[PDB]
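Please read the structure below before turning to the comments.
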Protein chains: 2
Amino acid sequence: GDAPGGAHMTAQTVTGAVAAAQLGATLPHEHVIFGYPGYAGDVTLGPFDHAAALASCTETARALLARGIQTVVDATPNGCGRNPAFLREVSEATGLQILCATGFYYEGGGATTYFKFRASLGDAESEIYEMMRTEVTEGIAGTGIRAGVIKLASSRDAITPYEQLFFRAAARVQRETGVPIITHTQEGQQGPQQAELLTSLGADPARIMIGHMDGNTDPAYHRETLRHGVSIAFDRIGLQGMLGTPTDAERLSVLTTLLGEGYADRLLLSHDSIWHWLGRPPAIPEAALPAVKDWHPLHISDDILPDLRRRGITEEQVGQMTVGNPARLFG
Amino acid sequence: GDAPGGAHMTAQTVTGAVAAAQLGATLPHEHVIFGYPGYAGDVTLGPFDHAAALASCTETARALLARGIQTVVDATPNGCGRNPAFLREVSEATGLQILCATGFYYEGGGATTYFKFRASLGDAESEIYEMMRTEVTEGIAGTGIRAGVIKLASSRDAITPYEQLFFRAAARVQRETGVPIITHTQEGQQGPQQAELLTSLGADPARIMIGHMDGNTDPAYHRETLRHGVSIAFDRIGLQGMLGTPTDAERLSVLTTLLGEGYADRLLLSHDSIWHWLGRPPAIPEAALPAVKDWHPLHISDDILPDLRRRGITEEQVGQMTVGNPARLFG
Ligand SMILES: [Co+2]
Ligand SMILES: [Co+2]
Ligand SMILES: [Co+2]
Ligand SMILES: [Co+2]
């Protein structure tokens, strides 16, 4: 099949290097803690309770291990609450392996003023590149802990000029270090555009995962993205009807079709769940409860896989999505 | 004249209560430290150097005291680097009095995802109100240090629905506690709209300062805002040509006209300067140097006031803008 080609570093988790064979069943896109841009300004009434967070994240970590999952890829952007040391605490406490990211969110849902300003005054792309390269090769914030992936995100109607600064920096770091790239796509769009842009900039398709692809329910769109040889992730499995997000019945309809067409080696599954919110905990209106009911990280192990198997998906295909694909993409 | 009417608290500075008579010459809108939304995500290559910041801010504080200025109003939004404890260090080290704010930035230049989400799920306005009320009456982040003003900000083409949540919360806190409100207007617009909205919600005009009014060079716009009985601030004096910002020659043209028409009691002056940037220090292209050359907090004392006086402005009018107005607005 398609193996990563070029410069390569051993997978870096918040607790250090891990061999590809030691990754095991992996959730490729989750958030241990997360706060939307602006949460830190609500510090007075929404402070971070370290003790409660640690206890709650370590428990979720344990529940995961209980189900055979050994690794989690935390895709939290630098300004959305990323905290490598905390991730390290959870990991040293449970034995759950956690990789964290380096990257900023999409123009629409991130704090883009900082770099939009630096770009108007100077060379923001090379500044973003230096940040990503330092974080992947040396470490984040002096902690000595390195990012195991680069997180990229684009808007719905287009990969904006602000967003492309990050896409060009990452491609450079990716060619230089071979580090994986995972992405966020907004509202089921830009998947083909993201894969085309990244590969044309020289990023290795075997090290790219276009995310939130479950956000589109027309398989023509998934197939068009897959032609680029990149992997795609149905990664918000469990979040249903929440903000135009589809239902799981819709995601499985598309997923089985793709699996039916031989695409298992490029298909990955995650929930994009938040284990502990930063800021004031989410006030979820009764009427929106069914949309977040299955949005936690045990949902794929307990409800999705058994569902794919009973529908004819093979143990081998399930293993390809959950163990094989992650080992090669991140290992 | 127009005195504040209603509930009132003694002015709160980062080092505690200060009598109106103890405020003295005041710069009503400055930023000791400041980082545009997103700066914290650039923590690896742009960490905060505490020692360098403290030394540099205490020096600027001293330069200010040297010129007779006793107080500074720090208008930094909660998510733009606000740090009351640090402000307290500068103040305890120099004797410079500093008031800090409670508030979020305008939709365009702040991290609005957090509250836009909380608003779609619940009652964001009452959540913002609880934050402001706690910060003004009890303290910020458990430090025991209270905000001395509420900072509000609107966009250029309209005060957006997201922005109005903050405007309605503040008006409520203002009616309840009598705390002052200072604002940011974007690109010379919405001044009359902000004063009309605030007063219609019951906020006391004698406790409201519409900011960045120097951003518009048509005095009809200033006069239309002034009818509401609120104060206005030419508060980015020194920042010239930088992003549509006018020149100081333009600001003085309008200011002398207004002073010529008797408006001294409602006119305030500031620079909106940043004493120490958060994130990576600003890379200012040679070609933009003249736009920021006079953008530091000694510019009004050294160049503006002497300029107004030589143009006929009286010592009394100068004292009204710099000492009288602040004593009543914040005291
Ligand atoms: Co996302
Ligand atoms: Co995510
Ligand atoms: Co402003
Ligand atoms: Co300001």
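Residues in the structure tokens are named by chain (A, B, ... in the order shown) and by number from 1 within that chain; ligands are numbered from 1 in the order shown.
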- Could you please tell me, as a ChimeraX atom specification, which residues of chain B have an atom within 9 Å of chain A when using only C-alpha atoms? /B:35-45,47,77-82,103-104,108-115,117-118,121-122,127-128,130-131,134-135,139-142,279,282-285,288
Could you list, as a VMD selection string, all residues that come within 8 Å of ligand 2? Count only C-alpha atoms and all ligand atoms. chain A and resid 29 to 31 75 to 76 184 272 to 273
Residues from last step as file, N, CA and C atoms, as an mmCIF file, in the first residue's frame:
```cif
data_model
loop_
_atom_site.group_PDB
_atom_site.id
_atom_site.type_symbol
_atom_site.label_atom_id
_atom_site.label_comp_id
_atom_site.auth_asym_id
_atom_site.auth_seq_id
_atom_site.Cartn_x
_atom_site.Cartn_y
_atom_site.Cartn_z
ATOM 1 N N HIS A 29 -8.811 11.806 16.990
ATOM 2 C CA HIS A 29 -9.229 13.192 17.156
ATOM 3 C C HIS A 29 -10.205 13.356 18.327
ATOM 4 N N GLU A 30 -9.646 13.707 19.482
ATOM 5 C CA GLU A 30 -10.395 13.938 20.724
ATOM 6 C C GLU A 30 -9.793 15.163 21.443
ATOM 7 N N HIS A 31 -10.500 15.648 22.454
ATOM 8 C CA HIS A 31 -9.985 16.765 23.231
ATOM 9 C C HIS A 31 -10.169 16.444 24.726
ATOM 10 N N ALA A 75 -6.400 16.852 19.428
ATOM 11 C CA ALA A 75 -6.324 17.833 18.360
ATOM 12 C C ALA A 75 -6.601 19.294 18.766
ATOM 13 N N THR A 76 -6.536 19.572 20.060
ATOM 14 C CA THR A 76 -6.788 20.930 20.569
ATOM 15 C C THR A 76 -5.774 21.976 20.067
ATOM 16 N N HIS A 184 -9.422 19.931 10.297
ATOM 17 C CA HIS A 184 -10.793 20.195 10.634
ATOM 18 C C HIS A 184 -11.328 20.761 9.329
ATOM 19 N N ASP A 272 -14.302 13.479 18.489
ATOM 20 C CA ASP A 272 -14.081 14.922 18.664
ATOM 21 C C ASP A 272 -14.750 15.308 20.013
ATOM 22 N N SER A 273 -14.677 14.420 21.002
ATOM 23 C CA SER A 273 -15.326 14.685 22.295
ATOM 24 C C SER A 273 -14.493 15.572 23.195
#
```
One-decimal distance in Å that lies between CA of residue 20 in chain A and CA of residue 71 in chain A:
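Between CA of residue 71 in chain A and CA of residue 20 in chain A the gap works out to 11.0 Å.
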field: Residues within 12 Å of residue 2 in chain A, only C-alpha atoms, excluding chain neighbours under 4 positions, as number ranges by chain
entry: A: 204-208, 228-231, 265-266, 325, 328-329
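Here the residues within range 35-98 of chain B that DSSP labels alpha helix (DSSP H) on the basis of the backbone are residues 50, 51, 52, 53, 54, 55, 56, 57, 58, 59, 60, 61, 62, 63, 64, 65, 66, 84, 85, 86, 87, 88, 89, 90, 91, 92, 93 and 94 of chain B.
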Now that the selection is made, can you save its residues with C-alpha atoms as a PDB file, in the first residue's frame?
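Resulting contents of out-v5.pdb:
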```pdb
ATOM      1  CA  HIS B  50       7.966  38.809  33.658  1.00  0.00           C
ATOM      2  CA  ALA B  51      11.226  40.487  34.678  1.00  0.00           C
ATOM      3  CA  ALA B  52      11.606  42.425  31.451  1.00  0.00           C
ATOM      4  CA  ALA B  53       7.895  43.432  31.468  1.00  0.00           C
ATOM      5  CA  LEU B  54       7.947  44.626  35.083  1.00  0.00           C
ATOM      6  CA  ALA B  55      11.117  46.626  34.626  1.00  0.00           C
ATOM      7  CA  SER B  56       9.825  48.229  31.470  1.00  0.00           C
ATOM      8  CA  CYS B  57       6.318  48.996  32.739  1.00  0.00           C
ATOM      9  CA  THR B  58       7.600  50.410  36.038  1.00  0.00           C
ATOM     10  CA  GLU B  59       9.881  52.729  34.080  1.00  0.00           C
ATOM     11  CA  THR B  60       7.045  53.934  31.924  1.00  0.00           C
ATOM     12  CA  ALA B  61       4.990  54.293  35.116  1.00  0.00           C
ATOM     13  CA  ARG B  62       7.776  56.460  36.570  1.00  0.00           C
ATOM     14  CA  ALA B  63       8.043  58.587  33.448  1.00  0.00           C
ATOM     15  CA  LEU B  64       4.299  59.276  33.780  1.00  0.00           C
ATOM     16  CA  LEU B  65       4.520  60.287  37.459  1.00  0.00           C
ATOM     17  CA  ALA B  66       7.409  62.550  36.484  1.00  0.00           C
ATOM     18  CA  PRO B  84      -4.658  42.544  37.548  1.00  0.00           C
ATOM     19  CA  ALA B  85      -1.908  41.102  39.746  1.00  0.00           C
ATOM     20  CA  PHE B  86       0.791  42.278  37.324  1.00  0.00           C
ATOM     21  CA  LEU B  87      -0.858  45.752  37.152  1.00  0.00           C
ATOM     22  CA  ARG B  88      -0.809  45.661  40.988  1.00  0.00           C
ATOM     23  CA  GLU B  89       2.976  44.971  40.920  1.00  0.00           C
ATOM     24  CA  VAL B  90       3.602  47.959  38.668  1.00  0.00           C
ATOM     25  CA  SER B  91       1.405  50.133  40.893  1.00  0.00           C
ATOM     26  CA  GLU B  92       2.874  48.984  44.204  1.00  0.00           C
ATOM     27  CA  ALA B  93       6.342  49.577  42.721  1.00  0.00           C
ATOM     28  CA  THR B  94       5.774  53.120  41.459  1.00  0.00           C
TER      29      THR B  94
END
```
Members of range 28-262 of chain B assigned strand (DSSP E or B) by DSSP, as an MDAnalysis selection string:
chainID B and resid 28:34 69:74 97:99 101:102 149:153 181:184 208:210 231:234
Mind dumping the selected residues with N, CA, C and O atoms as a short mmCIF file (atom, residue, chain, number, x, y, z; two decimals), in the first residue's frame?
```
data_model
loop_
_atom_site.label_atom_id
_atom_site.label_comp_id
_atom_site.auth_asym_id
_atom_site.auth_seq_id
_atom_site.Cartn_x
_atom_site.Cartn_y
_atom_site.Cartn_z
N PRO B 28 -7.17 58.18 30.60
CA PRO B 28 -8.35 57.29 30.66
C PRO B 28 -8.43 56.03 29.78
O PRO B 28 -9.41 55.27 29.85
N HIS B 29 -7.42 55.79 28.95
CA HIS B 29 -7.44 54.60 28.11
C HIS B 29 -6.04 54.24 27.59
O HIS B 29 -5.59 54.77 26.59
N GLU B 30 -5.38 53.34 28.32
CA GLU B 30 -4.04 52.84 28.00
C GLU B 30 -4.00 51.32 28.28
O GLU B 30 -4.90 50.74 28.91
N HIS B 31 -2.94 50.68 27.82
CA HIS B 31 -2.78 49.26 28.09
C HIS B 31 -1.33 49.00 28.55
O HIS B 31 -0.40 49.15 27.75
N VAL B 32 -1.15 48.65 29.82
CA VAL B 32 0.18 48.38 30.36
C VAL B 32 0.77 47.22 29.54
O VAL B 32 1.88 47.32 28.99
N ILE B 33 0.01 46.12 29.46
CA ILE B 33 0.37 44.98 28.63
C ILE B 33 -0.87 44.67 27.82
O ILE B 33 -2.00 45.00 28.20
N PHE B 34 -0.66 44.04 26.69
CA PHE B 34 -1.77 43.73 25.83
C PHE B 34 -1.34 42.75 24.75
O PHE B 34 -0.21 42.81 24.28
N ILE B 69 1.15 62.90 35.99
CA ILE B 69 0.03 61.96 35.86
C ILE B 69 0.02 60.96 37.04
O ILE B 69 1.02 60.31 37.32
N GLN B 70 -1.10 60.88 37.74
CA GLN B 70 -1.21 60.03 38.91
C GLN B 70 -1.96 58.75 38.67
O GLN B 70 -1.82 57.79 39.42
N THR B 71 -2.76 58.76 37.63
CA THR B 71 -3.61 57.62 37.36
C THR B 71 -3.74 57.23 35.91
O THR B 71 -3.71 58.04 34.97
N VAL B 72 -3.88 55.94 35.73
CA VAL B 72 -4.07 55.40 34.42
C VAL B 72 -5.25 54.43 34.45
O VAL B 72 -5.43 53.68 35.40
N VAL B 73 -6.07 54.48 33.42
CA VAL B 73 -7.18 53.56 33.30
C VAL B 73 -6.74 52.54 32.22
O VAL B 73 -6.57 52.89 31.06
N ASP B 74 -6.56 51.29 32.64
CA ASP B 74 -6.17 50.22 31.73
C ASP B 74 -7.47 49.62 31.17
O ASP B 74 -8.25 49.04 31.90
N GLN B 97 -1.33 55.01 40.08
CA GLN B 97 -2.63 54.41 40.31
C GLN B 97 -3.14 53.88 38.99
O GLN B 97 -3.12 54.57 37.95
N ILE B 98 -3.58 52.64 39.05
CA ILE B 98 -4.10 51.97 37.89
C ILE B 98 -5.47 51.29 38.12
O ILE B 98 -5.64 50.47 39.07
N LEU B 99 -6.41 51.63 37.25
CA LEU B 99 -7.72 51.00 37.26
C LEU B 99 -7.71 50.03 36.09
O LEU B 99 -7.16 50.34 35.02
N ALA B 101 -10.17 47.02 33.73
CA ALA B 101 -11.52 46.81 33.24
C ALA B 101 -12.06 45.40 33.31
O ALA B 101 -11.36 44.45 33.68
N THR B 102 -13.33 45.27 32.95
CA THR B 102 -14.02 43.98 32.87
C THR B 102 -14.77 44.18 31.55
O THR B 102 -15.38 45.21 31.33
N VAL B 149 -13.72 49.84 35.91
CA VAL B 149 -14.55 50.27 34.79
C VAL B 149 -15.01 49.05 34.05
O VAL B 149 -14.49 47.97 34.26
N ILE B 150 -16.01 49.25 33.20
CA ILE B 150 -16.53 48.20 32.36
C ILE B 150 -16.15 48.67 30.94
O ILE B 150 -16.39 49.83 30.57
N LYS B 151 -15.53 47.78 30.16
CA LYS B 151 -15.10 48.11 28.82
C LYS B 151 -16.07 47.43 27.85
O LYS B 151 -16.34 46.22 27.94
N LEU B 152 -16.59 48.21 26.91
CA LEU B 152 -17.54 47.75 25.90
C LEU B 152 -16.92 48.06 24.54
O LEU B 152 -16.11 48.99 24.45
N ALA B 153 -17.24 47.30 23.49
CA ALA B 153 -16.66 47.56 22.16
C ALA B 153 -17.65 47.18 21.05
O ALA B 153 -18.33 46.20 21.16
N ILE B 181 -18.31 53.24 32.44
CA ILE B 181 -18.26 52.46 31.22
C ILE B 181 -17.40 53.24 30.23
O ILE B 181 -17.62 54.44 30.03
N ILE B 182 -16.42 52.58 29.62
CA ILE B 182 -15.61 53.25 28.60
C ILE B 182 -15.78 52.37 27.41
O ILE B 182 -15.97 51.19 27.55
N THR B 183 -15.74 52.93 26.22
CA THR B 183 -15.93 52.11 25.07
C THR B 183 -14.87 52.28 23.98
O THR B 183 -14.04 53.21 24.00
N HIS B 184 -14.93 51.35 23.03
CA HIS B 184 -14.10 51.33 21.86
C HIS B 184 -15.12 51.47 20.75
O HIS B 184 -16.20 50.85 20.82
N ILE B 208 -20.44 57.43 31.36
CA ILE B 208 -20.13 56.83 30.09
C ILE B 208 -19.18 57.66 29.26
O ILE B 208 -19.38 58.87 29.10
N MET B 209 -18.16 56.99 28.74
CA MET B 209 -17.16 57.58 27.89
C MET B 209 -17.06 56.79 26.57
O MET B 209 -16.60 55.65 26.55
N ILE B 210 -17.51 57.40 25.49
CA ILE B 210 -17.47 56.78 24.20
C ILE B 210 -16.03 56.98 23.69
O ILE B 210 -15.58 58.10 23.50
N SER B 231 -19.53 61.52 27.74
CA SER B 231 -18.22 62.10 27.48
C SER B 231 -17.65 61.36 26.28
O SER B 231 -18.08 60.26 25.97
N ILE B 232 -16.72 61.97 25.57
CA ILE B 232 -16.10 61.28 24.44
C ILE B 232 -14.57 61.33 24.61
O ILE B 232 -14.03 62.22 25.27
N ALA B 233 -13.86 60.35 24.06
CA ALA B 233 -12.40 60.39 24.21
C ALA B 233 -11.68 60.34 22.88
O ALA B 233 -12.00 59.52 22.00
N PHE B 234 -10.72 61.25 22.73
CA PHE B 234 -9.84 61.24 21.57
C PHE B 234 -8.78 60.39 22.23
O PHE B 234 -7.86 60.90 22.88
#
```
A straight line from CA of residue 129 in chain A to CA of residue 200 in chain A spans 17.4 Å
If we count only C-alpha atoms and set the cut-off at 9 Å, which residues sit around range 244-251 of chain A, ignoring sequence neighbours fewer than 5 positions away in its own chain? Please answer as a list in words.
residues 187, 188, 214, 215, 216, 217, 234, 236, 237, 238, 239, 256, 291 and 304 of chain A
